[PDB]
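Below you'll find the structure, written out as structure tokens, and then a few comments.
Numbers and lists here come from the model and the stated rules, or from a named source; no laboratory read-out is quoted. Every residue, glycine as well, gets a Cβ built from its backbone with ideal geometry; the counts of neighbours run over all protein chains shown.
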Amino acid sequence: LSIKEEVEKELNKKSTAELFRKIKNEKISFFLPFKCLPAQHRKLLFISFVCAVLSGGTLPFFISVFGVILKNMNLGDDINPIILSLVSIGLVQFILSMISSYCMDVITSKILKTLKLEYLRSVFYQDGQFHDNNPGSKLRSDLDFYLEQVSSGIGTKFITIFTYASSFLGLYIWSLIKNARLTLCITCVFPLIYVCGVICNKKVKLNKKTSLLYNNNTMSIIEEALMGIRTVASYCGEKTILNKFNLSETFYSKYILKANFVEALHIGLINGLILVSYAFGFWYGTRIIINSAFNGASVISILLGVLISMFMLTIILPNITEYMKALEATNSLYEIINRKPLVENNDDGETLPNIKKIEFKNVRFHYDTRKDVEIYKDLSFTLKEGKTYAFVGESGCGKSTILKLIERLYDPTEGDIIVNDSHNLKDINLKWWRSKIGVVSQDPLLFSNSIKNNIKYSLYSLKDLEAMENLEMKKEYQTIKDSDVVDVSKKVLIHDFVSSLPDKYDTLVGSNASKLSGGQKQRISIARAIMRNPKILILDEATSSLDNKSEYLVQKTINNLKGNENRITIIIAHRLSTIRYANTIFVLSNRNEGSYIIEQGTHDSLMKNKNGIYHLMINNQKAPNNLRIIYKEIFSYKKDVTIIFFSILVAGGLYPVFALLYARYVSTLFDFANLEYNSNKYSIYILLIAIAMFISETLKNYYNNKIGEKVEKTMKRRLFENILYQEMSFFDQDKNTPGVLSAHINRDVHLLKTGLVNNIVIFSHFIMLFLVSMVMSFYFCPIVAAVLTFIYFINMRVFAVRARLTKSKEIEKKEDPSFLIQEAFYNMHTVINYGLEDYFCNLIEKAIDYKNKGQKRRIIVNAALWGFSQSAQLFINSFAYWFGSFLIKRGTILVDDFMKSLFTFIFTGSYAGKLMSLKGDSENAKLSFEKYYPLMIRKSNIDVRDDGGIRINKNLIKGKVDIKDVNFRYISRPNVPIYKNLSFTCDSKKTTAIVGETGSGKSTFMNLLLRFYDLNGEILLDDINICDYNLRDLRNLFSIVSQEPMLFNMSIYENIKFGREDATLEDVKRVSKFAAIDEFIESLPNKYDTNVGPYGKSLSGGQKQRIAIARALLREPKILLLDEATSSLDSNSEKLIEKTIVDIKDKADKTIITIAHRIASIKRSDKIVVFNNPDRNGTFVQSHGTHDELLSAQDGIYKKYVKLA
């Protein structure tokens, strides 16, 4: 997980007091999911309700007999009746906890089924206008989201709110009736915990948000430097990017450490006030006794009662949050099911006797999103029955929209679509209209069942109009015989192919028919469309891939199909061989704000009508090392490790002492002699232990993160400093992308902070507890500790309950009801056309036949696994006390030894199990580090940091640049040669123009000239080769001006000083005057300090490139490399740029190489070099030294580009 997301998840959470105010003020009841239920499922809720309040009255009994057991063991009498009375309660608790999970998971399954089976329905009755807004794969990306917010908050962890409240009430009020002045004076230290929490969380969030503020800046820097890399190298700006990074990272570090300090203090203080509560409770208890003469067994239990009463309020609250979450998720779904379709199928529309005389009258339409993009102007004409038609439209006319208007996805806005001169479109039953339209769409939309069933899905919507008009719909699909498939396959000439291979009609087509060819799939789609004898045939790019044979045979079929005496066939295709004969062809076009009839006439009187657009149509067409690096790094901080060491030893040493100090107090409380002095002596020790455990935990939890930060901010530096100095072939590979390279630096380095150097400390502290506890529990009473260890071993590692539980839960949570949902939303526009309730009642059967056999076994097992989880510690403690009281009455063991060897074991087990769940991801952080470690130790082999080579002065530079031969070929595609035997010169201080074919690869001379790609060939600068120059000073005399510049998110004054950090503002004012931009900058607030936006998006294209030209002229360049500085800008800036260019070239000081195509610059050019690509193998030079005095002396291309210019 990323850092930004991890902080936003913590910041975007609402407390219960906020969700309640959000949930009350629009009447979202607490009983919303439990209103889709029969009565047979409505009273299992009551059963599971009363089978939970009873299981809460267990702890108020054990806590009431706990002190009496001890008073009875250390005084001489027996305890067997108490045990016999205490085991039966465990048994009935097991049974009452076995009931509830069974009774609840069933209900969850039921409601989770019903919501889905209503959602699918409400989705399948949208009106097209909606489908355009929320298309397809989103809806099943939201469904499975909501259906895992409601199931993880309405299961068995909704009934555990009433058990805990029952236990709360019982404990507290039993503790209050016995003696109130004692329990009141114990729960007065607890408000000080809530107050500290609310005071500290604020100081946490205030600093954490300011930490987040300084993080996205670094993200922007990294992405924006990894994107524009070849403009960072050519100006030698690898260094002045790192200072911003290091200045932006330190604020983040210091503020998040300020947060972690407060986050660590709270823990230590919560672990310190409780131990004071114990001591003051005992001290005041022993003073209400002496003043009385109320036994001592009514002081050992009140403390546990009042102290465990509040532990329930620390675990009730998350479940209420999850329940509110489930509510707001369900009420984010009962608005989708209850949306109005506005094209409703009332099943009452008066239908025609037959379809006759379709007629349009002046229909206009606007979308809902694009409320200003019109397609129609004057749609008005007539289409009569019995005779054929045909139409022709371009790729943006609206054949799709006419289809959606005859199919009636949309309604008209202005006109009307009266049919048969007495019936409007909005009176016909939509069920019956679509029943006589055969659409052959662009792509073949076939399912993944067979070749026969995709064909036989046509007649279902008609056979469904036979039973209701007399249920009988489920079985009458057998009436559809297999003899119609025979002849309808013969007609399209596919019967031979489907009969040639085995499994004639039973062969299953692939996933969306991924076995056959596209043309054959379109043939099957056409056979599907033809099979039902459609009345209004609407083709759309139907016979495109077919040859003339199948097309013309289908045409013969349609125009001679039985029952064509009364039809309106609308055959629409782009191949103009289908329109040889037609009763009328209104060729349709949209020429832009709306279509209209452009032509009219039969094909005999249309191809020769006029010299219009249809004339053009008929005329034209016719591995271990890597981590010991980290362990070397960690063990170089000598002051921060010793404090952690000492604090771990202190905590692990002084926490177990509290147990055997709690047992020396019991034995002196049943001894009326000198009770006062003993209390005075045994309370001060607990005060001291609290004061020590505060400091120990605080300093253990702070220096941990203090160590964790530095490993990050010394690995990020190495990565981001090593990536910049790498050559360009690195960035050209496939798996070396800016996104994946920027994902590592944040995610996996934050994981190295969390995982490793959090999970080391946990294991160390755990072992330090486990050694000493096992030692001084095996020393007082050896016989008991062996038995207790055997018990917990055979429990945790052999009867792992919560492990098997989640292993059975998440597997079925991960999981044909899941294959049809997917392939029903892809093929939506076929079920909207025809076939709608076959899948309304097929998902139900496939869903139900997988419930029972698995669900009932899984749920009768997972309840037996939960009951034994809730009712295990009781039996263990009972057996322990029985065995202790058994060995005592035969002399083998004393009392105090047992009472000291028991409590240590108990409390240390609880505390160890507590802190052992704070771990992170230790595995993936050791796995990623093997991916991204070779990147911080990779060699570059074109390295600018090398200071070995011939130093070069700017004084003795002539400026000649020569090439003798080149043969270049990219490694990302080693088949396309580009250059072949390029050889020419550029002498000194003279212009050299480059004209040639567009896209021939002219912008690669430049890159080789700056050493981005090494070599075959030979390049020369002042008669010396380029690989002997110490390229620091080679890149420090060139200066490019590319087609598109790139600016950064810094000020303008800094973007102009990129590379050269030592230059006054007067030079910037001087050079911005020659770029003709020192008037707009003097019209603005914060003139030379206006922070432009990211990627320079707060400027125009005519202001950006003049800033670039100012950036290129500040370096005092010796060789200038221009590329069409006046391409696609507005008039004023373009003219200013021509003025600057023609001003530079007059000041003959520097050698210049341009890429020009305007004749005004060619004339002054002193040399012109043509590039040509005769055949697709390479380019080379064909002309030399024309300079427009040789404009026509031999036959060539320069004459073209001077008469075209």
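Per this entry, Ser298 is not counted among residues that are of a type in the set (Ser, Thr, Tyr) and closer than 16 Å to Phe190 by Cα. Of the listed requirements (1) over 50 Å from the mean Cα position of the chain (by Cα); (2) assigned to a loop (DSSP other than H, G, I, E, B), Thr557 misses just one: (2). When region 667-700 is filtered for residues that are of a type in the set (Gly, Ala, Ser) and under 17 Å from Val657 (Cβ atoms), the ones remaining, listed by number, are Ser667, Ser683, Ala690, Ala692, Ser696. Within the set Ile337, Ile308, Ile274, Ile316, the sole residue that is of a type outside the set (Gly, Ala, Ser), within 26 Å of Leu59 (Cα to Cα) and in contact with a helix residue (DSSP H, G or I) (Cβ under 6 Å, 6 or more places away or on another chain) turns out to be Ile316. Note on region 401-440: among residues that are among the small types (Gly, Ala, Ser) and part of a loop (DSSP other than H, G, I, E, B), the one that is nearest to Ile536 (Cα to Cα) is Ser422. Being surrounded by 13 or more Cβ atoms within 10 Å (Cβ to Cβ), more than 26 Å from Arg1032 (Cα to Cα) and in contact with a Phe, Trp or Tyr (Cβ under 9 Å, 6 or more places away or on another chain) holds for only one residue in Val976, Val995, and it is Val995. The residue list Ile221, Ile193 contains one member that is surrounded by fewer than 19 Cβ atoms within 10 Å (Cβ to Cβ) and not charged (D, E, K, R), which is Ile193.
Scanning region 909-939 for residues that are within 13 Å of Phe763 (Cα to Cα) and either within 26 Å of the chain's Cα centre (by Cα) or part of a loop (DSSP other than H, G, I, E, B) (or both) yields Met916, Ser917, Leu918, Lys919, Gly920, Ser922.
Looking only at region 886-908, which residues are surrounded by 20 or more Cβ atoms within 10 Å (Cβ to Cβ) and among the polar types (S, T, N, Q)? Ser901, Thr904, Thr908 - these are the residues of region 886-908 that are surrounded by 20 or more Cβ atoms within 10 Å (Cβ to Cβ) and among the polar types (S, T, N, Q). Whether any residue in region 801-810 is loosely packed, with under 12 Cβ neighbours inside 10 Å and not in a helix (DSSP H, G or I) is what I want to check. Checked region 801-810: no residue is loosely packed, with under 12 Cβ neighbours inside 10 Å and not in a helix (DSSP H, G or I).
Considering only region 340-390, state which residues are of a type in the set (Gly, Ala, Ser) and under 50 Å from the mean Cα position of the chain (by Cα). Passing the criteria: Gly349, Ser380, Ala390.
Return a yes/no flag: does region 1034-1042 have any residue that is in a loop (DSSP other than H, G, I, E, B) and surrounded by fewer than 17 Cβ atoms within 10 Å (Cβ to Cβ). No - not one qualifying residue is present in region 1034-1042. Every condition in (1) assigned to a loop (DSSP other than H, G, I, E, B); (2) surrounded by 18 or more Cβ atoms within 10 Å (Cβ to Cβ) is met by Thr240 except one, and the failing one is (2). Under the condition of being hydroxyl-bearing (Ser, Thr, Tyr), surrounded by fewer than 18 Cβ atoms within 10 Å (Cβ to Cβ), assigned to a loop (DSSP other than H, G, I, E, B) and assigned by TED's automatic domain parsing to the domain that holds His603, the residues counted in region 345-400 number 4.
When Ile598, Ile572 are checked against the criterion of being surrounded by 13 or more Cβ atoms within 10 Å (Cβ to Cβ), more than 45 Å from the chain's Cα centre (by Cα), closer than 30 Å to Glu385 by Cβ and of a type in the set (A, V, I, L, M), a single residue qualifies: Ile598. Comparison of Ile69, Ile28 shows that the only residue that is assigned to a loop (DSSP other than H, G, I, E, B) and β-branched (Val, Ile, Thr) is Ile28. Only one entry of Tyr792, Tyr834 meets the criterion of being more than 34 Å from the chain's Cα centre (by Cα), of a type outside the set (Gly, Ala, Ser) and assigned to a loop (DSSP other than H, G, I, E, B), and that entry is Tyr834. When the residues of region 458-475 are narrowed to those that are among the charged types (D, E, K, R) and within 14 Å of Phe840 (Cβ to Cβ), which ends up surrounded by the fewest Cβ atoms within 10 Å (Cβ to Cβ)? By that ranking, first place goes to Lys474.
Taken over region 606-631, residues that are part of a loop (DSSP other than H, G, I, E, B) and exposed (fewer than 10 other Cβ atoms within 10 Å of the Cβ) amount to 3. One residue alone among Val784, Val831, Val772 is surrounded by 15 or more Cβ atoms within 10 Å (Cβ to Cβ) and either closer than 30 Å to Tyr457 by Cα or assigned by TED's automatic domain parsing to the domain that holds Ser461 (or both), and that residue is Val831. Suppose the filter is over 17 Å from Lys436 (Cα atoms), in a loop (DSSP other than H, G, I, E, B), of a type outside the set (A, V, I, L, M) and touching a strand residue (DSSP E or B) at 6+ places or on another chain (Cβ under 9 Å); does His603 pass it? Yes; evaluated as a whole, the condition is true for this residue. Of all the listed residues (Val150, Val198, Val232), the sole one being assigned to a helix (DSSP H, G or I), under 32 Å from the mean Cα position of the chain (by Cα) and β-branched (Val, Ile, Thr) is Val232.
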